[PDB]
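This report refers to the structure that appears directly beneath it.
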Amino acid sequence: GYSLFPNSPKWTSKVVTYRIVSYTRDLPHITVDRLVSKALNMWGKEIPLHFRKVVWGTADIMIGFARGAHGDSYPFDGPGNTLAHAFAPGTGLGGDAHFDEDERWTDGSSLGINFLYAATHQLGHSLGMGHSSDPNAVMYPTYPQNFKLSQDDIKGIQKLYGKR
Amino acid sequence: XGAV
Ligand SMILES: [Ca+2]
Ligand SMILES: [Ca+2]
Ligand SMILES: [Cl-]
Ligand SMILES: [Zn+2]
Ligand SMILES: [Zn+2]
């Protein structure tokens, strides 16, 4: 079933900040904001962890769209291959979630990678979830239109943070 | 992709 990261890195503070730093041409800004909040609350509502949205500076969870190299030693690679990636909880790049601007992203109303599912998967990583062996799990390693966290996803996050 |  679920994986965490080696040594179970987790947020140590009651409150974790997150910033949507950069946006996609594919969607309105507010749509990315509301889908990220939704992706975070899907994990959030299961655990004793609270997210505060910040609109400037460095937050614990830096979220954005990037083309190619974007300062974290894991450059994006243009259309296809890598779609997105994220870092386990930690200082600096820890917690950060990046989306490759050279794919196509949708809110579900158009063609594209479903951004809500993608953001739920990457922010799983941001909170300390590894890849699940369970195909139903959002944290399954391969890529959505109508979904929720699986019982494996809930089990894993609650094992790392506790319930409620 | 999950990195450290
Ligand atoms: Ca960070
Ligand atoms: Ca790519
Ligand atoms: Cl399930
Ligand atoms: Zn990156
Ligand atoms: Zn992943």
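Labels for the structure tokens follow display order: chains A, B, ..., residues from 1 in each chain, ligands from 1.
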Enumerate, in order of chain and increasing residue number, the residues of chain A with an atom no farther than 10 Å from ligand 2, each with its shortest atom pair and distance in Å to one decimal, counting only C-alpha atoms and all ligand atoms, as a Markdown table.
| residue | atom | partner | partner_atom_place_in_ligand_line | distance |
| --- | --- | --- | --- | --- |
| A:66 | CA | ligand 2 | 1 (Ca) | 9.9 |
| A:67 | CA | ligand 2 | 1 (Ca) | 8.3 |
| A:68 | CA | ligand 2 | 1 (Ca) | 8.2 |
| A:75 | CA | ligand 2 | 1 (Ca) | 9.3 |
| A:76 | CA | ligand 2 | 1 (Ca) | 5.6 |
| A:77 | CA | ligand 2 | 1 (Ca) | 4.7 |
| A:78 | CA | ligand 2 | 1 (Ca) | 4.4 |
| A:79 | CA | ligand 2 | 1 (Ca) | 4.5 |
| A:80 | CA | ligand 2 | 1 (Ca) | 4.3 |
| A:81 | CA | ligand 2 | 1 (Ca) | 4.9 |
| A:82 | CA | ligand 2 | 1 (Ca) | 4.3 |
| A:83 | CA | ligand 2 | 1 (Ca) | 4.7 |
| A:84 | CA | ligand 2 | 1 (Ca) | 7.4 |
| A:99 | CA | ligand 2 | 1 (Ca) | 8.6 |
| A:100 | CA | ligand 2 | 1 (Ca) | 5.4 |
| A:101 | CA | ligand 2 | 1 (Ca) | 7.8 |
| A:102 | CA | ligand 2 | 1 (Ca) | 6.0 |
| A:103 | CA | ligand 2 | 1 (Ca) | 6.2 |
| A:104 | CA | ligand 2 | 1 (Ca) | 10.0 |
For those residues, write C-alpha atoms to a file as a JSON list (two decimals), in the first residue's frame.
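The resulting again.json:
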[["chain", "number", "residue", "atom", "x", "y", "z"],
["A", 66, "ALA", "CA", 7.78, 26.40, -14.79],
["A", 67, "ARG", "CA", 9.33, 25.71, -18.24],
["A", 68, "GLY", "CA", 12.75, 23.98, -18.21],
["A", 75, "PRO", "CA", 14.88, 20.97, -14.71],
["A", 76, "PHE", "CA", 11.68, 20.28, -16.64],
["A", 77, "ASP", "CA", 12.19, 18.71, -20.06],
["A", 78, "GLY", "CA", 9.63, 20.31, -22.48],
["A", 79, "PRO", "CA", 6.47, 18.55, -23.77],
["A", 80, "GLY", "CA", 5.90, 15.04, -22.36],
["A", 81, "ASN", "CA", 8.25, 12.92, -20.23],
["A", 82, "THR", "CA", 8.17, 14.51, -16.69],
["A", 83, "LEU", "CA", 4.85, 16.36, -16.02],
["A", 84, "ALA", "CA", 5.48, 17.61, -12.45],
["A", 99, "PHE", "CA", 4.20, 21.70, -12.75],
["A", 100, "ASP", "CA", 5.77, 21.60, -16.27],
["A", 101, "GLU", "CA", 4.31, 24.59, -18.24],
["A", 102, "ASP", "CA", 5.01, 22.65, -21.52],
["A", 103, "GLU", "CA", 2.17, 20.13, -20.90],
["A", 104, "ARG", "CA", -1.58, 20.96, -21.14]]
Taking only C-alpha atoms and all ligand atoms into account, list the residues no farther than 8 Å from ligand 5, as JSON, numbers by chain. {"A": [85, 86, 121, 122, 125, 130, 131, 139, 140, 141, 142], "B": [1, 2]}
Output file for the selection above: N, CA, C and O atoms, as a compact mmCIF listing (two decimals), in the first residue's frame:
# COMPACT_ATOMS: atom_id res chain seq x y z
N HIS A 85 6.66 17.50 -10.36
CA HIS A 85 7.42 16.87 -9.25
C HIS A 85 7.25 17.71 -8.00
O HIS A 85 6.70 18.85 -8.07
N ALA A 86 7.60 17.12 -6.87
CA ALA A 86 7.48 17.79 -5.56
C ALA A 86 8.50 17.20 -4.60
O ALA A 86 9.07 16.09 -4.85
N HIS A 121 -1.83 14.72 -6.16
CA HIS A 121 -0.68 13.78 -6.16
C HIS A 121 0.60 14.48 -5.69
O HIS A 121 1.27 13.99 -4.76
N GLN A 122 0.95 15.61 -6.31
CA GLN A 122 2.20 16.37 -5.98
C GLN A 122 2.15 16.87 -4.54
O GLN A 122 3.16 16.75 -3.84
N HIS A 125 3.03 14.40 -2.07
CA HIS A 125 4.51 14.42 -1.92
C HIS A 125 4.91 15.54 -0.96
O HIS A 125 5.75 15.28 -0.08
N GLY A 130 4.98 9.11 -0.18
CA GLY A 130 5.66 8.45 -1.31
C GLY A 130 4.65 7.83 -2.26
O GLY A 130 3.44 8.15 -2.16
N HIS A 131 5.09 6.92 -3.11
CA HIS A 131 4.23 6.25 -4.11
C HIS A 131 3.59 5.01 -3.47
O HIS A 131 4.26 4.28 -2.72
N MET A 139 -1.70 8.47 -4.91
CA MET A 139 -0.22 8.44 -4.83
C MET A 139 0.34 7.25 -5.61
O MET A 139 1.56 7.03 -5.58
N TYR A 140 -0.49 6.53 -6.36
CA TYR A 140 0.00 5.54 -7.35
C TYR A 140 0.93 6.27 -8.32
O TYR A 140 0.68 7.44 -8.65
N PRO A 141 2.05 5.66 -8.77
CA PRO A 141 3.09 6.43 -9.48
C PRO A 141 2.69 6.96 -10.87
O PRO A 141 3.30 7.92 -11.32
N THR A 142 1.67 6.38 -11.51
CA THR A 142 1.30 6.79 -12.90
C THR A 142 -0.03 7.54 -12.85
O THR A 142 -0.82 7.27 -11.93
N UNK B 1 6.60 13.03 -11.95
CA UNK B 1 7.09 12.22 -10.83
C UNK B 1 6.09 12.11 -9.70
O UNK B 1 6.13 11.05 -9.03
N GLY B 2 8.89 12.21 -6.66
CA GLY B 2 8.75 12.72 -5.29
C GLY B 2 10.18 12.82 -4.86
O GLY B 2 10.83 11.79 -4.83
Ligand 4 neighbours within 6 Å using only C-alpha atoms and all ligand atoms, as an MDAnalysis selection string: chainID A and resid 72 74 98
Write as a ChimeraX atom specification the residues around ligand 1, taking 10 Å as the cut-off and counting only C-alpha atoms and all ligand atoms. /A:16-19,58-63,86-97,126
For the residues selected in the previous step, produce a file with N, CA, C and O atoms as a PDB file, in the first residue's frame.
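Below you can see out.pdb, which holds the result:
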ATOM      1  N   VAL A  16       1.307  25.141   8.192  1.00  0.00           N
ATOM      2  CA  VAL A  16       2.234  25.166   7.024  1.00  0.00           C
ATOM      3  C   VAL A  16       1.717  26.215   6.043  1.00  0.00           C
ATOM      4  O   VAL A  16       0.512  26.229   5.766  1.00  0.00           O
ATOM      5  N   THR A  17       2.602  27.099   5.596  1.00  0.00           N
ATOM      6  CA  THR A  17       2.259  28.147   4.606  1.00  0.00           C
ATOM      7  C   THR A  17       2.441  27.549   3.210  1.00  0.00           C
ATOM      8  O   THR A  17       3.278  26.613   3.019  1.00  0.00           O
ATOM      9  N   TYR A  18       1.673  28.056   2.262  1.00  0.00           N
ATOM     10  CA  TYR A  18       1.797  27.658   0.843  1.00  0.00           C
ATOM     11  C   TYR A  18       1.538  28.891  -0.009  1.00  0.00           C
ATOM     12  O   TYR A  18       0.741  29.773   0.410  1.00  0.00           O
ATOM     13  N   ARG A  19       2.287  29.005  -1.106  1.00  0.00           N
ATOM     14  CA  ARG A  19       2.124  30.139  -2.041  1.00  0.00           C
ATOM     15  C   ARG A  19       1.992  29.558  -3.447  1.00  0.00           C
ATOM     16  O   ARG A  19       2.841  28.683  -3.813  1.00  0.00           O
ATOM     17  N   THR A  58       8.606  33.661   0.478  1.00  0.00           N
ATOM     18  CA  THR A  58       8.831  32.199   0.555  1.00  0.00           C
ATOM     19  C   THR A  58       7.823  31.663   1.566  1.00  0.00           C
ATOM     20  O   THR A  58       7.820  32.136   2.703  1.00  0.00           O
ATOM     21  N   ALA A  59       6.947  30.774   1.119  1.00  0.00           N
ATOM     22  CA  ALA A  59       6.092  29.959   1.995  1.00  0.00           C
ATOM     23  C   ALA A  59       6.778  28.599   2.141  1.00  0.00           C
ATOM     24  O   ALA A  59       7.773  28.362   1.408  1.00  0.00           O
ATOM     25  N   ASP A  60       6.312  27.755   3.066  1.00  0.00           N
ATOM     26  CA  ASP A  60       6.901  26.406   3.278  1.00  0.00           C
ATOM     27  C   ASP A  60       6.693  25.612   1.975  1.00  0.00           C
ATOM     28  O   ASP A  60       7.668  24.989   1.471  1.00  0.00           O
ATOM     29  N   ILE A  61       5.482  25.691   1.422  1.00  0.00           N
ATOM     30  CA  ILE A  61       5.079  24.972   0.172  1.00  0.00           C
ATOM     31  C   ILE A  61       4.995  26.015  -0.948  1.00  0.00           C
ATOM     32  O   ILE A  61       3.994  26.776  -1.007  1.00  0.00           O
ATOM     33  N   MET A  62       6.062  26.092  -1.744  1.00  0.00           N
ATOM     34  CA  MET A  62       6.126  26.961  -2.944  1.00  0.00           C
ATOM     35  C   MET A  62       5.576  26.141  -4.123  1.00  0.00           C
ATOM     36  O   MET A  62       6.098  25.055  -4.400  1.00  0.00           O
ATOM     37  N   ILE A  63       4.465  26.590  -4.683  1.00  0.00           N
ATOM     38  CA  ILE A  63       3.733  25.893  -5.781  1.00  0.00           C
ATOM     39  C   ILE A  63       3.821  26.763  -7.026  1.00  0.00           C
ATOM     40  O   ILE A  63       3.480  27.967  -6.941  1.00  0.00           O
ATOM     41  N   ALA A  86       7.599  17.122  -6.875  1.00  0.00           N
ATOM     42  CA  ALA A  86       7.479  17.791  -5.564  1.00  0.00           C
ATOM     43  C   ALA A  86       8.505  17.204  -4.601  1.00  0.00           C
ATOM     44  O   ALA A  86       9.067  16.094  -4.852  1.00  0.00           O
ATOM     45  N   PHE A  87       8.741  17.955  -3.534  1.00  0.00           N
ATOM     46  CA  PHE A  87       9.745  17.623  -2.502  1.00  0.00           C
ATOM     47  C   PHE A  87       9.025  17.267  -1.207  1.00  0.00           C
ATOM     48  O   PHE A  87       8.078  17.963  -0.821  1.00  0.00           O
ATOM     49  N   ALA A  88       9.513  16.213  -0.561  1.00  0.00           N
ATOM     50  CA  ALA A  88       9.143  15.834   0.824  1.00  0.00           C
ATOM     51  C   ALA A  88       9.305  17.031   1.757  1.00  0.00           C
ATOM     52  O   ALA A  88      10.081  17.949   1.481  1.00  0.00           O
ATOM     53  N   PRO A  89       8.551  17.049   2.877  1.00  0.00           N
ATOM     54  CA  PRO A  89       8.626  18.126   3.867  1.00  0.00           C
ATOM     55  C   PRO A  89      10.059  18.382   4.348  1.00  0.00           C
ATOM     56  O   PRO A  89      10.826  17.454   4.510  1.00  0.00           O
ATOM     57  N   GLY A  90      10.394  19.650   4.489  1.00  0.00           N
ATOM     58  CA  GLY A  90      11.751  20.091   4.842  1.00  0.00           C
ATOM     59  C   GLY A  90      11.864  21.574   4.622  1.00  0.00           C
ATOM     60  O   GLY A  90      10.891  22.176   4.089  1.00  0.00           O
ATOM     61  N   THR A  91      12.975  22.169   5.045  1.00  0.00           N
ATOM     62  CA  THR A  91      13.249  23.598   4.776  1.00  0.00           C
ATOM     63  C   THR A  91      13.628  23.750   3.311  1.00  0.00           C
ATOM     64  O   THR A  91      13.949  22.740   2.691  1.00  0.00           O
ATOM     65  N   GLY A  92      13.653  24.980   2.812  1.00  0.00           N
ATOM     66  CA  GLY A  92      14.139  25.275   1.451  1.00  0.00           C
ATOM     67  C   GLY A  92      13.236  24.643   0.407  1.00  0.00           C
ATOM     68  O   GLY A  92      12.019  24.921   0.413  1.00  0.00           O
ATOM     69  N   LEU A  93      13.793  23.816  -0.466  1.00  0.00           N
ATOM     70  CA  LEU A  93      12.970  23.199  -1.539  1.00  0.00           C
ATOM     71  C   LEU A  93      12.024  22.173  -0.920  1.00  0.00           C
ATOM     72  O   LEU A  93      11.008  21.887  -1.558  1.00  0.00           O
ATOM     73  N   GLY A  94      12.298  21.682   0.296  1.00  0.00           N
ATOM     74  CA  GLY A  94      11.322  20.822   0.983  1.00  0.00           C
ATOM     75  C   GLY A  94       9.910  21.374   0.847  1.00  0.00           C
ATOM     76  O   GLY A  94       9.711  22.619   0.984  1.00  0.00           O
ATOM     77  N   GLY A  95       8.975  20.516   0.449  1.00  0.00           N
ATOM     78  CA  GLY A  95       7.538  20.834   0.366  1.00  0.00           C
ATOM     79  C   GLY A  95       7.106  21.395  -0.974  1.00  0.00           C
ATOM     80  O   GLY A  95       5.880  21.505  -1.185  1.00  0.00           O
ATOM     81  N   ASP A  96       8.051  21.819  -1.815  1.00  0.00           N
ATOM     82  CA  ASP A  96       7.738  22.614  -3.028  1.00  0.00           C
ATOM     83  C   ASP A  96       7.150  21.680  -4.089  1.00  0.00           C
ATOM     84  O   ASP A  96       7.537  20.478  -4.152  1.00  0.00           O
ATOM     85  N   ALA A  97       6.225  22.201  -4.890  1.00  0.00           N
ATOM     86  CA  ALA A  97       5.472  21.422  -5.913  1.00  0.00           C
ATOM     87  C   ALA A  97       5.463  22.193  -7.227  1.00  0.00           C
ATOM     88  O   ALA A  97       4.942  23.347  -7.268  1.00  0.00           O
ATOM     89  N   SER A 126       4.334  16.737  -1.151  1.00  0.00           N
ATOM     90  CA  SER A 126       4.626  17.956  -0.356  1.00  0.00           C
ATOM     91  C   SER A 126       4.373  17.697   1.132  1.00  0.00           C
ATOM     92  O   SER A 126       5.085  18.311   1.946  1.00  0.00           O
TER      93      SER A 126
END
Could you list the protein, DNA and RNA residues that have any atom within 10 Å of ligand 3, counting only C-alpha atoms and all ligand atoms, and write them as a PyMOL selection string? chain A and resi 134-138+148-154
re CA of residue 13 in chain A and CA of residue 47 in chain A: distance 12.6 Å
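CA of residue 155 in chain A sits 10.7 Å away from CA of residue 129 in chain A.
Here CA of residue 117 in chain A and CA of residue 45 in chain A stand 16.6 Å from one another.
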Env of residue 38 in chain A: 12 Å cut, atoms = only C-alpha atoms, seq-sep filter 3 positions within chain, self excluded. Answer as a VMD selection string. chain A and resid 31 to 35 41 to 45 51 107 115 to 120 123 148 to 149
Need the shell around residue 55 in chain A: protein/DNA/RNA residues with any atom at most 8 Å away, counting only C-alpha atoms. Skip same-chain ones fewer than 2 positions apart. Format as a list in words? residues 19, 20, 21, 53 and 57 of chain A
Restrict the selected residues to N, CA, C and O atoms and save them as a short mmCIF file (atom, residue, chain, number, x, y, z; two decimals), in the first residue's frame.
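What landed in part36.cif:
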data_model
loop_
_atom_site.label_atom_id
_atom_site.label_comp_id
_atom_site.auth_asym_id
_atom_site.auth_seq_id
_atom_site.Cartn_x
_atom_site.Cartn_y
_atom_site.Cartn_z
N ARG A 19 2.29 29.01 -1.11
CA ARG A 19 2.12 30.14 -2.04
C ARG A 19 1.99 29.56 -3.45
O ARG A 19 2.84 28.68 -3.81
N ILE A 20 0.97 29.99 -4.18
CA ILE A 20 0.94 29.73 -5.65
C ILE A 20 1.74 30.85 -6.29
O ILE A 20 1.28 32.02 -6.30
N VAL A 21 2.94 30.50 -6.69
CA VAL A 21 3.98 31.46 -7.14
C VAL A 21 3.77 31.85 -8.61
O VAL A 21 3.99 33.03 -8.94
N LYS A 53 -2.66 30.21 3.30
CA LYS A 53 -2.30 30.67 1.94
C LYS A 53 -1.54 31.99 2.09
O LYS A 53 -2.05 32.87 2.79
N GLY A 57 6.59 36.26 -1.12
CA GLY A 57 7.72 35.75 -0.34
C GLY A 57 7.86 34.24 -0.46
O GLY A 57 7.29 33.63 -1.42
#
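Checking A:1, A:9, A:40, A:71 one by one against chain B, counting only C-alpha atoms, you find the shortest gap at A:9.
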Return as a ChimeraX atom specification the full set of residues in range 59-146 of chain A whose backbone-based DSSP assignment is strand (DSSP E or B). /A:61-66,84-87,97-100,105-106,113-114
Write a file of the selected residues as a short mmCIF file (atom, residue, chain, number, x, y, z; two decimals), in the first residue's frame, keeping C-alpha atoms.
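Once written, part21.cif looks like this:
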data_model
loop_
_atom_site.label_atom_id
_atom_site.label_comp_id
_atom_site.auth_asym_id
_atom_site.auth_seq_id
_atom_site.Cartn_x
_atom_site.Cartn_y
_atom_site.Cartn_z
CA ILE A 61 5.08 24.97 0.17
CA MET A 62 6.13 26.96 -2.94
CA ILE A 63 3.73 25.89 -5.78
CA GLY A 64 4.19 26.96 -9.41
CA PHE A 65 4.31 26.35 -13.15
CA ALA A 66 7.78 26.40 -14.79
CA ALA A 84 5.48 17.61 -12.45
CA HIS A 85 7.42 16.87 -9.25
CA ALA A 86 7.48 17.79 -5.56
CA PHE A 87 9.75 17.62 -2.50
CA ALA A 97 5.47 21.42 -5.91
CA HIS A 98 6.23 22.28 -9.56
CA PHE A 99 4.20 21.70 -12.75
CA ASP A 100 5.77 21.60 -16.27
CA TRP A 105 -3.51 21.36 -17.84
CA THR A 106 -7.32 21.34 -17.42
CA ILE A 113 -3.89 16.57 -17.48
CA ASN A 114 -6.55 17.00 -14.75
#
